[PDB]
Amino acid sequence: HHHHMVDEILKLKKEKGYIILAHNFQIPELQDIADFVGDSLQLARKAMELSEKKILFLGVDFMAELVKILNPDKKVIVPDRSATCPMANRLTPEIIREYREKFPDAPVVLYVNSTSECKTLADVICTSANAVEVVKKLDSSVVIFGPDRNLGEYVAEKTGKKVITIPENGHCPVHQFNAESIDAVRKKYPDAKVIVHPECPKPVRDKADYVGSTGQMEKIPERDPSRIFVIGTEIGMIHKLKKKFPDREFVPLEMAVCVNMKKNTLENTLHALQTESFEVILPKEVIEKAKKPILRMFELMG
């Protein structure tokens, strides 16, 4: 059944020379057939190291495109071409240009969860792990930041800089946990450590033991010996964490599912390898323009 699809996927990936890259929010069945599972930038950087020239990418479109931007001569395919990030998609070129006009001395800092077109208009890209450091290192004490207001506000708190968030009410619906869920797990597991994403709202961040990216979450049990961790992010990370640390318990803060990440299935992944579709193609000019603020990020962090 799934053994058939899994076996055929493994067979076709080897036969056709594909490396499979899966985001942390993919279903467990897809994480387990991937060569590498990680966050968007981790995956794009990993691809840069590969001898293979064909990639099957399992995530959402801005991430596949990030891989393509940094690996332009590889064929990058995705099983569901509609898999997208609604938060990214709410920020537009028009809004970025309006805000640059109003605040022409403010660098435009765009979270990696952003469309590739929007990236072409950014001064620097950031990830949830490096946003604070990126913004600290910028000359300016004021920045334009999008598309996530929560991450922006977190960055403001940590840097003491003024962060002008765009678009209005930009947020990830998946990470809108209730702070009351933390109150409830504290009572239920008094010794658990609560780790939440910086995309979570402030009251959730402030009640957590740790705030971090998924990449940061998976490093925490290397330094914290706690038996139980409660996890405030998308449900896919539970599988990732439990696989890496089988000796610990990982409890979801709440059940939170990214419908777009769940568009990828064993069946459409198999179809993708059978047909070698759908190729992620960006105009040359988009790749060249979007590369500029990505390199600026690498420079700042180096």
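Just count from 1 along the sequence shown to find any residue number. Take the two forms, find the largest set of C-alpha atoms that superpose within 1.5 Å, and that set is the rigid core.
The stretch that moves more in 4 other deposited structures of this protein, judged by CA deviation after a rigid core superposition and choosing between 42-50 and 250-258, is 42-50. Averaged over structures and residues, the CA distance from the shown form in 4 other deposited structures of this protein after a core fit is larger for 33-41, of the two stretches 55-63 and 33-41. In this entry, the higher average B-factor at the C-alpha atoms falls on 196-204, of the pair 196-204 and 77-85. Taking only CA atoms, the mean B-factor in the PDB entry is higher for 168-176 than for the other of 68-76 and 168-176. Each of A22, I294, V286, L10 has a CA temperature factor in the record; the biggest one is found at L10.
The entry lists a Cα temperature factor for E98 that places it in the highest third of the chain's modelled residues.
Per the PDB record, residue ranking by Cα B-factor puts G59 in the lowest third of the chain. Among the modelled residues of its chain, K119 has a C-alpha B-factor that falls in the lowest third, as given in the PDB entry.
In the PDB entry, a CA B factor belonging to the middle third of its chain's modelled residues is recorded for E29. Among the modelled residues of the chain, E276 sits in the lowest third by CA temperature factor in this PDB entry.
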